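Pasted below: start-v8.txt, compact mmCIF, C-alpha atoms and all ligand atoms.
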```
# COMPACT_ATOMS: atom_id res chain seq x y z
CA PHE L 7 -15.45 11.86 -8.53
CA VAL L 8 -16.00 10.29 -11.96
CA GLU L 9 -12.85 11.74 -13.55
CA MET L 10 -10.70 10.06 -10.87
CA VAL L 11 -12.00 6.52 -11.38
CA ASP L 12 -9.34 4.20 -12.85
CA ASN L 13 -6.60 6.81 -12.44
CA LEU L 14 -4.15 4.18 -11.13
CA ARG L 15 -2.12 1.64 -13.08
CA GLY L 16 0.77 -0.67 -12.36
CA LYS L 17 2.49 -3.96 -12.89
CA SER L 18 1.79 -6.78 -10.42
CA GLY L 19 4.21 -6.55 -7.50
CA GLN L 20 5.68 -3.24 -8.60
CA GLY L 21 3.25 -0.74 -7.07
CA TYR L 22 0.37 1.41 -8.25
CA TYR L 23 1.11 4.75 -9.86
CA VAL L 24 -0.83 7.87 -10.78
CA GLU L 25 0.01 10.33 -13.55
CA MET L 26 1.19 13.70 -12.25
CA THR L 27 2.66 16.84 -13.76
CA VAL L 28 5.52 18.86 -12.33
CA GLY L 29 6.69 22.31 -13.36
CA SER L 30 5.84 24.86 -16.02
CA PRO L 31 5.33 23.85 -18.67
CA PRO L 32 4.04 20.61 -17.10
CA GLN L 33 6.32 17.60 -17.19
CA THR L 34 4.34 14.34 -17.18
CA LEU L 35 5.56 11.65 -14.78
CA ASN L 36 4.13 8.44 -13.36
CA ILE L 37 4.31 8.45 -9.57
CA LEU L 38 4.07 5.56 -7.10
CA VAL L 39 1.20 6.02 -4.63
CA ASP L 40 2.79 5.28 -1.27
CA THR L 41 0.89 5.46 2.02
CA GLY L 42 4.06 4.14 3.73
CA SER L 43 6.22 7.26 3.32
CA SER L 44 5.93 11.04 3.35
CA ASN L 45 8.22 12.51 0.68
CA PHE L 46 7.36 13.51 -2.85
CA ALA L 47 10.49 12.50 -4.73
CA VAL L 48 11.13 12.16 -8.44
CA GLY L 49 13.92 10.96 -10.68
CA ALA L 50 15.79 14.11 -11.73
CA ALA L 51 18.77 12.66 -13.60
CA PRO L 52 19.34 9.81 -16.08
CA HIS L 53 19.03 6.25 -14.79
CA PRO L 54 19.01 2.94 -16.73
CA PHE L 55 15.48 2.16 -15.47
CA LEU L 56 13.98 5.62 -16.10
CA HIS L 57 12.03 6.33 -19.33
CA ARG L 58 12.07 10.02 -18.41
CA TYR L 59 12.89 12.30 -15.48
CA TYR L 60 12.15 15.72 -13.95
CA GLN L 61 14.22 18.49 -15.53
CA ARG L 62 14.24 21.40 -13.10
CA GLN L 63 15.95 23.80 -15.47
CA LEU L 64 13.04 23.42 -17.89
CA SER L 65 10.56 24.67 -15.28
CA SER L 66 9.93 28.41 -15.00
CA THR L 67 8.26 27.86 -11.62
CA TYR L 68 10.98 25.76 -9.97
CA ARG L 69 12.45 27.20 -6.78
CA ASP L 70 15.62 25.75 -5.26
CA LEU L 71 15.52 25.25 -1.48
CA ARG L 72 19.33 24.92 -1.42
CA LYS L 73 19.25 21.82 0.78
CA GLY L 74 20.26 18.21 0.22
CA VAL L 75 18.38 15.12 1.34
CA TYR L 76 19.64 11.58 1.80
CA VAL L 77 17.14 8.76 2.08
CA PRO L 78 18.29 5.20 2.82
CA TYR L 79 15.83 2.30 3.01
CA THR L 80 16.36 -1.27 4.19
CA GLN L 81 16.88 -2.20 0.55
CA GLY L 82 17.89 0.69 -1.69
CA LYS L 83 18.62 4.39 -1.17
CA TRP L 84 18.54 7.74 -2.92
CA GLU L 85 19.86 11.25 -2.50
CA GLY L 86 18.48 14.43 -3.94
CA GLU L 87 18.10 18.18 -3.88
CA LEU L 88 15.09 19.87 -2.29
CA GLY L 89 12.99 22.50 -4.03
CA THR L 90 9.40 23.49 -4.72
CA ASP L 91 7.38 23.55 -7.92
CA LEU L 92 3.83 23.45 -9.22
CA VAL L 93 2.28 19.98 -9.20
CA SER L 94 -1.00 18.70 -10.60
CA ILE L 95 -2.80 15.38 -10.89
CA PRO L 96 -4.50 15.42 -14.31
CA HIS L 97 -7.00 12.72 -13.32
CA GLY L 98 -7.28 14.13 -9.82
CA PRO L 99 -8.81 17.29 -8.33
CA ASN L 100 -8.89 20.34 -10.59
CA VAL L 101 -6.15 22.12 -8.63
CA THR L 102 -2.46 22.95 -8.73
CA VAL L 103 -0.22 22.90 -5.66
CA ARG L 104 3.18 24.33 -4.88
CA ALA L 105 4.73 21.27 -3.29
CA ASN L 106 8.06 20.22 -1.92
CA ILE L 107 9.91 18.02 -4.40
CA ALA L 108 13.02 16.00 -3.74
CA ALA L 109 14.83 15.88 -7.08
CA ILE L 110 16.61 12.49 -7.08
CA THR L 111 20.14 12.82 -8.48
CA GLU L 112 21.62 9.50 -7.33
CA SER L 113 20.07 6.21 -6.28
CA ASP L 114 20.78 2.53 -5.68
CA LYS L 115 18.19 -0.26 -5.95
CA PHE L 116 15.34 2.27 -5.80
CA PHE L 117 13.90 2.49 -9.29
CA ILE L 118 12.54 -0.76 -10.66
CA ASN L 119 13.06 -1.99 -14.20
CA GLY L 120 9.74 -2.01 -16.04
CA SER L 121 7.60 -0.55 -13.24
CA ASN L 122 6.72 2.46 -15.42
CA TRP L 123 7.00 4.94 -12.53
CA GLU L 124 9.56 7.71 -12.11
CA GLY L 125 8.95 8.94 -8.59
CA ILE L 126 7.12 8.41 -5.33
CA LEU L 127 4.18 10.18 -3.70
CA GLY L 128 4.51 9.77 0.06
CA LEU L 129 1.00 10.18 1.46
CA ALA L 130 1.83 9.59 5.13
CA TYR L 131 2.50 12.25 7.75
CA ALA L 132 5.27 14.80 8.30
CA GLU L 133 6.62 12.95 11.34
CA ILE L 134 8.35 10.49 9.01
CA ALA L 135 9.36 12.96 6.29
CA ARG L 136 13.03 13.42 5.42
CA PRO L 137 15.17 15.23 6.30
CA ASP L 138 12.74 16.00 9.15
CA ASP L 139 9.13 16.90 9.94
CA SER L 140 9.52 20.50 8.77
CA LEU L 141 9.32 19.36 5.15
CA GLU L 142 5.59 19.57 4.49
CA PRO L 143 4.30 16.47 2.68
CA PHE L 144 2.36 16.78 -0.56
CA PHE L 145 -1.09 16.05 0.84
CA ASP L 146 -0.63 18.59 3.64
CA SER L 147 0.24 21.22 1.01
CA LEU L 148 -2.72 20.19 -1.11
CA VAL L 149 -5.16 20.65 1.76
CA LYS L 150 -3.59 23.88 3.01
CA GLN L 151 -3.50 25.54 -0.42
CA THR L 152 -6.82 24.35 -1.83
CA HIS L 153 -10.29 23.60 -0.49
CA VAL L 154 -9.89 19.84 -1.00
CA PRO L 155 -11.23 17.93 2.03
CA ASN L 156 -8.58 16.23 4.15
CA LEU L 157 -9.28 12.68 3.02
CA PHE L 158 -8.38 10.34 0.18
CA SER L 159 -9.41 6.80 -0.70
CA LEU L 160 -7.77 3.95 -2.55
CA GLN L 161 -9.44 1.20 -4.55
CA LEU L 162 -6.60 -1.07 -5.63
CA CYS L 163 -7.72 -3.80 -8.00
CA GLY L 164 -6.09 -7.16 -8.67
CA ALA L 165 -5.03 -8.23 -12.14
CA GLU L 173 5.13 -12.67 -21.17
CA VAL L 174 5.10 -9.66 -18.85
CA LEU L 175 3.87 -8.93 -15.34
CA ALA L 176 0.09 -8.53 -15.24
CA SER L 177 -1.25 -5.00 -15.48
CA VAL L 178 -3.27 -3.83 -12.51
CA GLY L 179 -5.53 -0.84 -12.07
CA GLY L 180 -7.36 1.11 -9.44
CA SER L 181 -8.61 4.49 -8.25
CA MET L 182 -7.27 7.18 -5.96
CA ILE L 183 -10.18 9.41 -5.01
CA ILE L 184 -8.85 12.64 -3.59
CA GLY L 185 -11.04 14.73 -1.35
CA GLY L 186 -13.82 12.23 -0.87
CA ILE L 187 -15.62 8.93 -0.88
CA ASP L 188 -17.06 7.52 -4.11
CA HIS L 189 -19.93 5.23 -3.14
CA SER L 190 -19.91 3.50 -6.54
CA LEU L 191 -16.57 1.90 -5.61
CA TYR L 192 -17.84 -0.19 -2.70
CA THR L 193 -20.77 -2.24 -1.46
CA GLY L 194 -22.06 -2.83 2.05
CA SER L 195 -20.88 -0.96 5.10
CA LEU L 196 -17.73 1.07 5.65
CA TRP L 197 -16.04 0.11 8.93
CA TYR L 198 -13.51 2.43 10.55
CA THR L 199 -10.39 1.72 12.57
CA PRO L 200 -8.64 4.56 14.41
CA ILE L 201 -5.33 5.95 13.22
CA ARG L 202 -3.32 5.29 16.39
CA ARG L 203 -0.68 7.95 15.68
CA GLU L 204 -0.13 10.22 12.70
CA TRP L 205 3.22 9.09 11.34
CA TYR L 206 2.66 6.00 9.28
CA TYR L 207 -0.99 5.12 8.90
CA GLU L 208 -0.74 3.11 12.12
CA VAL L 209 -3.60 0.87 13.18
CA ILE L 210 -4.26 -1.90 15.72
CA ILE L 211 -4.99 -5.56 14.94
CA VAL L 212 -6.74 -7.31 17.84
CA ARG L 213 -7.26 -10.84 16.47
CA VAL L 214 -6.10 -13.01 13.57
CA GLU L 215 -7.86 -16.11 12.21
CA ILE L 216 -6.81 -18.59 9.55
CA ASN L 217 -9.82 -20.47 8.16
CA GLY L 218 -11.95 -19.49 11.13
CA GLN L 219 -9.31 -20.66 13.59
CA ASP L 220 -7.94 -18.10 16.06
CA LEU L 221 -4.13 -17.88 16.20
CA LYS L 222 -4.71 -17.28 19.93
CA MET L 223 -1.73 -14.99 20.42
CA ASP L 224 -1.53 -12.08 22.83
CA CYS L 225 -2.69 -9.28 20.55
CA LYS L 226 0.44 -7.22 21.26
CA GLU L 227 2.17 -9.77 18.99
CA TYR L 228 0.08 -8.66 16.02
CA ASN L 229 1.27 -5.04 16.42
CA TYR L 230 4.87 -5.73 17.40
CA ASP L 231 6.26 -3.12 17.01
CA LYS L 232 3.55 -1.44 14.89
CA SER L 233 0.92 -2.25 12.29
CA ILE L 234 0.54 -0.03 9.24
CA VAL L 235 -1.54 0.27 6.07
CA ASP L 236 0.94 0.58 3.21
CA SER L 237 0.08 0.81 -0.48
CA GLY L 238 3.84 0.86 -1.20
CA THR L 239 4.43 -2.65 0.09
CA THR L 240 3.21 -5.55 -2.05
CA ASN L 241 2.91 -8.22 0.63
CA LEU L 242 1.13 -8.84 3.85
CA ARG L 243 4.14 -8.66 6.15
CA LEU L 244 3.88 -10.23 9.61
CA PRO L 245 6.12 -10.19 12.68
CA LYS L 246 8.22 -13.36 13.02
CA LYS L 247 6.07 -15.15 15.60
CA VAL L 248 2.85 -14.34 13.79
CA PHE L 249 4.31 -15.23 10.39
CA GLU L 250 5.42 -18.68 11.53
CA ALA L 251 2.02 -19.47 13.05
CA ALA L 252 0.25 -18.23 9.91
CA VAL L 253 2.38 -20.37 7.58
CA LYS L 254 1.92 -23.41 9.79
CA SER L 255 -1.85 -23.03 9.53
CA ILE L 256 -1.96 -22.35 5.77
CA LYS L 257 0.22 -25.43 5.20
CA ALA L 258 -2.14 -27.60 7.25
CA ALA L 259 -5.23 -26.43 5.38
CA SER L 260 -3.59 -27.05 2.00
CA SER L 261 -1.80 -30.23 3.07
CA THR L 262 -3.63 -32.18 0.35
CA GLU L 263 -0.90 -30.80 -1.90
CA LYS L 264 2.78 -30.19 -1.16
CA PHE L 265 4.78 -27.14 -2.20
CA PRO L 266 8.53 -26.42 -2.07
CA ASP L 267 10.02 -24.52 0.87
CA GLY L 268 11.08 -21.57 -1.28
CA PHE L 269 7.41 -21.01 -2.04
CA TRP L 270 6.40 -20.50 1.58
CA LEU L 271 9.41 -18.20 1.78
CA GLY L 272 7.82 -16.00 -0.87
CA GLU L 273 10.59 -16.67 -3.37
CA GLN L 274 9.65 -19.61 -5.61
CA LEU L 275 6.58 -19.91 -7.82
CA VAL L 276 3.84 -22.48 -7.70
CA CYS L 277 2.08 -23.18 -10.99
CA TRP L 278 -1.03 -25.06 -12.10
CA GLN L 279 -2.49 -25.96 -15.48
CA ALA L 280 -4.26 -22.83 -16.75
CA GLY L 281 -7.56 -22.43 -14.90
CA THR L 282 -7.02 -25.37 -12.54
CA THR L 283 -5.68 -23.42 -9.56
CA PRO L 284 -7.10 -25.23 -6.50
CA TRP L 285 -8.20 -22.11 -4.62
CA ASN L 286 -10.29 -24.13 -2.18
CA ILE L 287 -7.30 -25.86 -0.53
CA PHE L 288 -6.05 -22.45 0.60
CA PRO L 289 -7.68 -20.92 3.68
CA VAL L 290 -9.12 -17.44 4.20
CA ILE L 291 -7.31 -15.05 6.54
CA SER L 292 -9.25 -12.68 8.78
CA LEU L 293 -7.59 -9.65 10.34
CA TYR L 294 -9.66 -8.04 13.09
CA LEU L 295 -9.02 -4.31 13.33
CA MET L 296 -9.81 -2.22 16.39
CA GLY L 297 -13.12 -0.40 16.03
CA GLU L 298 -13.89 3.20 16.93
CA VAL L 299 -15.45 1.73 20.09
CA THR L 300 -12.83 0.46 22.56
CA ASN L 301 -13.96 -3.14 22.94
CA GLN L 302 -15.12 -3.58 19.36
CA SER L 303 -13.44 -4.81 16.22
CA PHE L 304 -14.36 -5.61 12.66
CA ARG L 305 -12.74 -8.15 10.40
CA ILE L 306 -11.43 -7.96 6.88
CA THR L 307 -11.35 -11.38 5.29
CA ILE L 308 -8.85 -12.00 2.54
CA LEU L 309 -8.87 -14.82 0.00
CA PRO L 310 -6.01 -16.84 -1.56
CA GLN L 311 -6.77 -14.90 -4.74
CA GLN L 312 -5.25 -11.95 -2.86
CA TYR L 313 -2.33 -13.54 -1.05
CA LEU L 314 -1.19 -15.75 -3.93
CA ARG L 315 0.08 -13.08 -6.33
CA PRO L 316 0.15 -13.82 -10.07
CA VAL L 317 3.50 -13.65 -11.89
CA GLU L 318 5.22 -14.15 -15.27
CA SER L 323 2.49 -20.17 -21.41
CA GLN L 324 -0.70 -21.98 -20.36
CA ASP L 325 0.46 -22.21 -16.75
CA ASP L 326 -0.93 -19.96 -14.04
CA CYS L 327 1.92 -19.15 -11.67
CA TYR L 328 1.95 -17.38 -8.32
CA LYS L 329 4.11 -16.17 -5.50
CA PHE L 330 3.14 -16.43 -1.84
CA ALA L 331 2.54 -12.77 -0.94
CA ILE L 332 2.89 -13.14 2.83
CA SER L 333 6.31 -12.60 4.34
CA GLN L 334 8.21 -12.07 7.54
CA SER L 335 8.80 -8.67 9.10
CA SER L 336 11.06 -7.36 11.85
CA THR L 337 9.33 -3.96 11.79
CA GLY L 338 5.75 -4.90 12.55
CA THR L 339 2.73 -5.84 10.49
CA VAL L 340 2.39 -4.28 7.08
CA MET L 341 -1.00 -4.43 5.41
CA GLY L 342 0.26 -4.06 1.87
CA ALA L 343 -1.33 -3.93 -1.55
CA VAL L 344 -2.44 -7.55 -1.65
CA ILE L 345 -4.47 -6.89 1.52
CA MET L 346 -5.85 -3.59 0.21
CA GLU L 347 -6.86 -5.16 -3.09
CA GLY L 348 -10.59 -5.77 -3.32
CA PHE L 349 -11.30 -3.37 -0.43
CA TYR L 350 -12.16 0.28 -0.73
CA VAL L 351 -9.86 1.95 1.80
CA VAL L 352 -10.64 5.40 3.09
CA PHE L 353 -7.79 7.39 4.58
CA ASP L 354 -9.91 9.79 6.63
CA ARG L 355 -7.18 12.10 7.89
CA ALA L 356 -9.76 14.64 9.06
CA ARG L 357 -11.28 12.18 11.56
CA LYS L 358 -8.06 10.25 12.25
CA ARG L 359 -9.43 6.93 11.00
CA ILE L 360 -9.19 4.43 8.14
CA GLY L 361 -12.29 2.92 6.58
CA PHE L 362 -12.65 -0.47 4.88
CA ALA L 363 -15.50 -1.70 2.68
CA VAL L 364 -15.80 -4.52 0.17
CA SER L 365 -14.56 -3.20 -3.14
CA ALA L 366 -16.47 -3.06 -6.42
CA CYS L 367 -13.46 -4.94 -7.84
CA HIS L 368 -13.09 -7.39 -4.94
CA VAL L 369 -12.28 -11.05 -5.49
CA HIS L 370 -14.75 -13.85 -4.91
CA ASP L 371 -15.34 -17.30 -6.34
CA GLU L 372 -18.30 -19.64 -6.03
CA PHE L 373 -18.13 -20.21 -2.27
CA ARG L 374 -16.01 -17.50 -0.67
CA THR L 375 -15.59 -13.74 -0.93
CA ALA L 376 -13.55 -10.95 0.54
CA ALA L 377 -15.61 -9.43 3.37
CA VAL L 378 -15.75 -6.58 5.86
CA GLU L 379 -17.84 -7.57 8.86
CA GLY L 380 -18.54 -6.19 12.33
CA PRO L 381 -18.81 -5.64 15.10
CA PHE L 382 -17.05 -8.31 17.13
CA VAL L 383 -16.70 -7.67 20.84
CA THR L 384 -14.23 -8.61 23.55
CA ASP L 389 -4.08 -3.17 25.28
CA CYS L 390 -2.93 -4.51 21.89
CA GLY L 391 -0.78 -1.53 21.00
CA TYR L 392 2.88 -2.30 21.28
CA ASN L 393 5.14 0.60 20.45
CA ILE L 394 4.98 3.40 23.02
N1 LIG S 401 5.99 1.82 1.46
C1 LIG S 401 7.25 1.75 0.98
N2 LIG S 401 7.76 2.62 0.15
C2 LIG S 401 9.14 2.30 -0.12
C3 LIG S 401 9.40 1.86 -1.55
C4 LIG S 401 10.50 2.33 -2.26
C5 LIG S 401 10.72 1.90 -3.56
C6 LIG S 401 9.86 1.00 -4.17
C7 LIG S 401 8.75 0.54 -3.47
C8 LIG S 401 7.81 -0.46 -4.05
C9 LIG S 401 8.32 -1.55 -4.78
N3 LIG S 401 7.48 -2.46 -5.26
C10 LIG S 401 6.18 -2.34 -5.06
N4 LIG S 401 5.66 -1.34 -4.37
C11 LIG S 401 6.43 -0.39 -3.86
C12 LIG S 401 8.53 0.97 -2.16
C13 LIG S 401 10.12 3.38 0.31
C14 LIG S 401 9.77 3.73 1.78
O1 LIG S 401 9.85 2.57 2.60
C15 LIG S 401 10.38 1.41 1.92
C16 LIG S 401 9.39 1.06 0.84
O2 LIG S 401 8.09 0.75 1.34
```
What would you get if you wrote out this structure as structure tokens?
Ligand SMILES: NC1=N[C@@]2(c3cccc(-c4cncnc4)c3)CCOC[C@H]2O1
Amino acid sequence: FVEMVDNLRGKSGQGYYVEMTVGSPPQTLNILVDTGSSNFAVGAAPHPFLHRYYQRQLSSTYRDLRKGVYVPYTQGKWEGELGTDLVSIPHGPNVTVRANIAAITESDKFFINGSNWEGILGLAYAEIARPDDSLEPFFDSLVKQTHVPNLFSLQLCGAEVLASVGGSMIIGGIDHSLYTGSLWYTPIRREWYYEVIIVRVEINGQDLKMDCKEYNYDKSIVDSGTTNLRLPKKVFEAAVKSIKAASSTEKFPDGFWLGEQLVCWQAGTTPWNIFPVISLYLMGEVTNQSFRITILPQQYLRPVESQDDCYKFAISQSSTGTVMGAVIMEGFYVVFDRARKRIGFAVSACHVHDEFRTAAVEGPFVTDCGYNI
């Protein structure tokens, strides 16, 4: 898997992208790696924030599906025209796929200024594809058309201009050089999003003591296309209360806790130790078991932007369930084992750790929590 190592790049807070080619001759595009959606969609017309876009008429292998697609999100939306074309990942498997492509012709608040990506690779399941589940997602096509095993893994690494980030998307396998210690698996509850179950949450060793249905109200997902850890209202408020208490030695503005305002310290003086660790316990493959992933402030305080180190609080409130976003995934090696309907976590080769604490994956812990039906 050596050629796939460090095949991801991005700007802090703006997603991780992989280089892809579309069409014949190949058109090079940077594509957001998104485990939270299921469409492959690319800019296909000029936009103020696009360096370049997919030009269908320049591809000898383009086929029009003669069907429109409209995709609204909570914030932002796009519309496009469906077709198929040949797609490759130059620093991926040595294969070429005929994939569905939504050619984006109009959009609002979708593309991001400076993100350096021109489209989105939805790696989740057909159930949440638009216009409906008959539009085969990219990974499904990849597996069907080639002999690539039905599994991929993500090693997202943490970090004027926004800090550059890097990582690896290993398609078709597990690269043992990218993690240390044991890989722990949590079941994929249903194949739509990458839905999982959280059974317990601790802040600095202290149980939040909530009925575990609260942690998965109305779902919990693993989402590389969301920056933050997003928590349901009740869980969010309890989490913030606890983090405040642990770091009470210092006082921060309200807008900070709201994930809006920055907090800055003299370069290199960031008081990491006043911020507590967060442990999320994920359901194990065995019914009464769980394992925990422990995240550090170095993950949930996200760097932004001279001689000041500034951060945003990368935990925020959700009304659509828990989202384990990029700041959670960072420093873990995360295996999306579609074949065995499970997601693996291990401590990443690029995990964060200071003198006293480290990101960890530990189990088992032994003791219903699923919410949506
Ligand atoms: N997962 C996900 N993908 C979505 C999305 C769309 C556009 C940009 C980004 C993004 C921005 N900034 C950092 N990362 C990603 C994420 C679309 C599907 O659901 C809503 C969003 O959440």
Next item on the list: Name the residues in contact with residue 7 in chain L at a cut-off of 8 Å, using all atoms listed in the file, excluding same-chain residues fewer than 2 positions from it; report them as a VMD selection string.
Entry: chain L and resid 9 to 11 183 186 188
Please produce a file of the residues just selected, as an mmCIF file, in the coordinates of the input, where the atoms kept are C-alpha atoms.
```
data_model
loop_
_atom_site.group_PDB
_atom_site.id
_atom_site.type_symbol
_atom_site.label_atom_id
_atom_site.label_comp_id
_atom_site.auth_asym_id
_atom_site.auth_seq_id
_atom_site.Cartn_x
_atom_site.Cartn_y
_atom_site.Cartn_z
ATOM 1 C CA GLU L 9 -12.850 11.740 -13.550
ATOM 2 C CA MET L 10 -10.700 10.060 -10.870
ATOM 3 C CA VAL L 11 -12.000 6.520 -11.380
ATOM 4 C CA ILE L 183 -10.180 9.410 -5.010
ATOM 5 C CA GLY L 186 -13.820 12.230 -0.870
ATOM 6 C CA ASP L 188 -17.060 7.520 -4.110
#
```
Checklist line | Separation of atom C7 of ligand LIG 401 (chain S) from CA of residue 16 in chain L in Å | finding: 12.0 Å
What box, with edges along x, y and z, holds each listed atom of ligand LIG 401 (chain S) when 5 Å is added on every side, and can you state its centre and edge lengths in Å to one decimal, as lines of an AutoDock Vina configuration file?
```
center_x = 8.2
center_y = 0.6
center_z = -1.3
size_x = 15.1
size_y = 16.2
size_z = 17.9
```
Check: Hey, can you check how far CA of residue 327 in chain L sits from CA of residue 288 in chain L?
Finding: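 Taking CA of residue 327 in chain L as the start and CA of residue 288 in chain L as the end point, the length is 15.0 Å.
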Checklist line | Pick from L:259, L:95, L:340, L:174 nearest to ligand LIG 401 (chain S), counting only C-alpha atoms and all ligand atoms | finding: L:340
Notebook entry, point to check: For the atom pair CA of residue 92 in chain L and CA of residue 79 in chain L, what is the interatomic distance in Å to one decimal place?
Noted result: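 A separation of 27.2 Å between them.
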Margin query: Neighbours of ligand LIG 401 (chain S) at 6 Å or closer, counting only C-alpha atoms and all ligand atoms: which residues, as a PyMOL selection string?
Written below: chain L and resi 19-21+40+42-43+79+116+236+238-240
Item checked: Selection near residue 24 in chain L, 8 Å with only C-alpha atoms, sequence-local residues under 4 positions removed, as number ranges by chain -> L: 13-15, 36-39, 95
Any chance you can output those residues with C-alpha atoms as a compact mmCIF listing (two decimals), in the frame of the given file?
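Dumped to out-v3.txt:
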```txt
# COMPACT_ATOMS: atom_id res chain seq x y z
CA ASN L 13 -6.60 6.81 -12.44
CA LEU L 14 -4.15 4.18 -11.13
CA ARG L 15 -2.12 1.64 -13.08
CA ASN L 36 4.13 8.44 -13.36
CA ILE L 37 4.31 8.45 -9.57
CA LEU L 38 4.07 5.56 -7.10
CA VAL L 39 1.20 6.02 -4.63
CA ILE L 95 -2.80 15.38 -10.89
```
Checklist line | residue 279 in chain L environment, 8 Å, all atoms listed in the file, sequence neighbours closer than 6 positions dropped, as a VMD selection string | finding: chain L and resid 324 to 326
Could those selected residues go to a file with C-alpha atoms, as a PDB file, in the frame of the given file?
```
ATOM      1  CA  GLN L 324      -0.700 -21.980 -20.360  1.00  0.00           C
ATOM      2  CA  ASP L 325       0.460 -22.210 -16.750  1.00  0.00           C
ATOM      3  CA  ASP L 326      -0.930 -19.960 -14.040  1.00  0.00           C
TER       4      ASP L 326
END
```
Notebook entry, point to check: Of the candidates L:177, L:334, L:375, L:365, which one gets nearest to residue 310 in chain L if we count all atoms listed in the file?
Noted result: L:375
Checklist line | Polymer residues at most 7 Å from range 203-214 of chain L, all atoms listed in the file, same-chain spacing of 2 or more positions, as a count of residues only | finding: 26
Note to self: Around the point (12.6, 22.4, -4.3) (coordinates from the file), which residues reach within 10 Å if we count all atoms listed in the file? Answer as a PyMOL selection string.
What the structure shows: chain L and resi 62+68-74+86-91+104-109
Next item on the list: Give the answer as one residue: which of L:227, L:164, L:258, L:143 has the shortest atom-to-atom distance to residue 315 in chain L, using all atoms listed in the file?
Entry: L:164
Margin query: What's around residue 269 in chain L at 10 Å? Count all atoms listed in the file, leave out sequence neighbours fewer than 6 positions away in its own chain, and write the answer as a ChimeraX atom specification.
Written below: /L:275-276,328-331
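Nearest to residue 102 in chain L of all the residues L:57, L:355, L:153, L:368 is L:153, based on only C-alpha atoms.
Counting all atoms listed in the file, the residue from L:191, L:157, L:176, L:47 that sits nearest to residue 366 in chain L is L:191.
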Next item on the list: Using all atoms listed in the file, pick whichever of L:124, L:273, L:138, L:389 has the shortest atom-to-atom distance to residue 110 in chain L.
Entry: L:124
Between range 17-92 of chain L and range 178-182 of chain L, at 8 Å or less, what are the per-residue closest atom pairs and their distances in Å? Count all atoms listed in the file, order by chain and rising residue number, and return it as JSON lines.
```
{"residue": "L:17", "atom": "CA", "partner": "L:178", "partner_atom": "CA", "distance": 5.8}
{"residue": "L:18", "atom": "CA", "partner": "L:178", "partner_atom": "CA", "distance": 6.2}
{"residue": "L:22", "atom": "CA", "partner": "L:179", "partner_atom": "CA", "distance": 7.4}
```
Fix up range 173-184 of chain L with N, CA and C atoms, then write it as a PDB file, in the frame of the given file.
```pdb
ATOM      1  N   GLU L 173       5.908 -13.894 -21.050  1.00  0.00           N
ATOM      2  CA  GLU L 173       5.130 -12.670 -21.170  1.00  0.00           C
ATOM      3  C   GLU L 173       5.625 -11.606 -20.191  1.00  0.00           C
ATOM      4  N   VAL L 174       4.724 -10.738 -19.753  1.00  0.00           N
ATOM      5  CA  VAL L 174       5.100  -9.660 -18.850  1.00  0.00           C
ATOM      6  C   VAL L 174       4.243  -9.726 -17.602  1.00  0.00           C
ATOM      7  N   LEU L 175       4.656  -9.010 -16.558  1.00  0.00           N
ATOM      8  CA  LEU L 175       3.870  -8.930 -15.340  1.00  0.00           C
ATOM      9  C   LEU L 175       2.485  -8.372 -15.662  1.00  0.00           C
ATOM     10  N   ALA L 176       1.472  -8.915 -14.996  1.00  0.00           N
ATOM     11  CA  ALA L 176       0.090  -8.530 -15.240  1.00  0.00           C
ATOM     12  C   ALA L 176      -0.122  -7.055 -14.926  1.00  0.00           C
ATOM     13  N   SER L 177      -0.892  -6.378 -15.769  1.00  0.00           N
ATOM     14  CA  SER L 177      -1.250  -5.000 -15.480  1.00  0.00           C
ATOM     15  C   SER L 177      -2.367  -4.969 -14.446  1.00  0.00           C
ATOM     16  N   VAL L 178      -2.259  -4.020 -13.529  1.00  0.00           N
ATOM     17  CA  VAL L 178      -3.270  -3.830 -12.510  1.00  0.00           C
ATOM     18  C   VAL L 178      -3.794  -2.411 -12.631  1.00  0.00           C
ATOM     19  N   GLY L 179      -4.956  -2.169 -12.050  1.00  0.00           N
ATOM     20  CA  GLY L 179      -5.530  -0.840 -12.070  1.00  0.00           C
ATOM     21  C   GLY L 179      -6.186  -0.521 -10.753  1.00  0.00           C
ATOM     22  N   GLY L 180      -6.670   0.701 -10.643  1.00  0.00           N
ATOM     23  CA  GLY L 180      -7.360   1.110  -9.440  1.00  0.00           C
ATOM     24  C   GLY L 180      -7.726   2.575  -9.488  1.00  0.00           C
ATOM     25  N   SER L 181      -8.186   3.098  -8.349  1.00  0.00           N
ATOM     26  CA  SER L 181      -8.610   4.490  -8.250  1.00  0.00           C
ATOM     27  C   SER L 181      -8.084   5.121  -6.977  1.00  0.00           C
ATOM     28  N   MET L 182      -7.565   6.334  -7.109  1.00  0.00           N
ATOM     29  CA  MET L 182      -7.270   7.180  -5.960  1.00  0.00           C
ATOM     30  C   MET L 182      -8.247   8.335  -6.025  1.00  0.00           C
ATOM     31  N   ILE L 183      -9.168   8.368  -5.069  1.00  0.00           N
ATOM     32  CA  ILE L 183     -10.180   9.410  -5.010  1.00  0.00           C
ATOM     33  C   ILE L 183      -9.718  10.425  -3.983  1.00  0.00           C
ATOM     34  N   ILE L 184      -9.367  11.605  -4.458  1.00  0.00           N
ATOM     35  CA  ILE L 184      -8.850  12.640  -3.590  1.00  0.00           C
ATOM     36  C   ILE L 184      -9.965  13.580  -3.185  1.00  0.00           C
TER      37      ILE L 184
END
```
